[PDB]
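Oh and the sequence shown: position 19 is 19 in this note's numbering, straight run, nothing missing.
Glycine is no exception: its CB is placed at the ideal position from the N, C-alpha and C atoms.
Each remark here refers to the structure printed beneath this line.
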Amino acid sequence: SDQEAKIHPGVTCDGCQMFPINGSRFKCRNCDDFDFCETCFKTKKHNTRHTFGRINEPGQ
Ligand SMILES: [Zn+2]
Ligand SMILES: [Zn+2]
């Protein structure tokens, strides 16, 4: 089984508009409703004082 195959239904990556996010999902703990896919999480600029929660699969 492959983490990249996991999808998060209804979740858009705000960095690249991927929908649904596949792979691990990174939800910002400070923004109201902001998510990154993993590539965007590693490469896009974001408030350096915000912290993201890693959600590998729906329900976490
Ligand atoms: Zn993305
Ligand atoms: Zn944020």
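Answer with buried or exposed for residue i, where buried requires no fewer than 16 other C-beta atoms within 10 angstroms of its C-beta.
i: residue 25; result: buried
i: residue 13; result: buried
i: residue 33; result: exposed
i: residue 50; result: exposed
Residues in its own chain within less than 6 Å of residue i by CB, not counting five upstream and five downstream?
i: residue 38; result: 23 and 24
i: residue 52; result: 26 and 28
Can you tell me which residues form a DSSP beta bridge with residue i?
i: residue 27; result: 35 and 53
i: residue 8; result: 21
Under 7 Å Cβ to Cβ from residue i, same chain only, skipping five residues before and after it: list those, please.
i: residue 95; result: The displayed coordinates of the chain run from 1 to 60. Any statement about residue 95 would go beyond what the structure contains.
i: residue 11; result: 20, 21, 25 and 35
Given residue i, which residues of its chain have a CB within under 8 Å of its CB, disregarding the five upstream and five downstream residues?
i: residue 3; result: 23, 24 and 56
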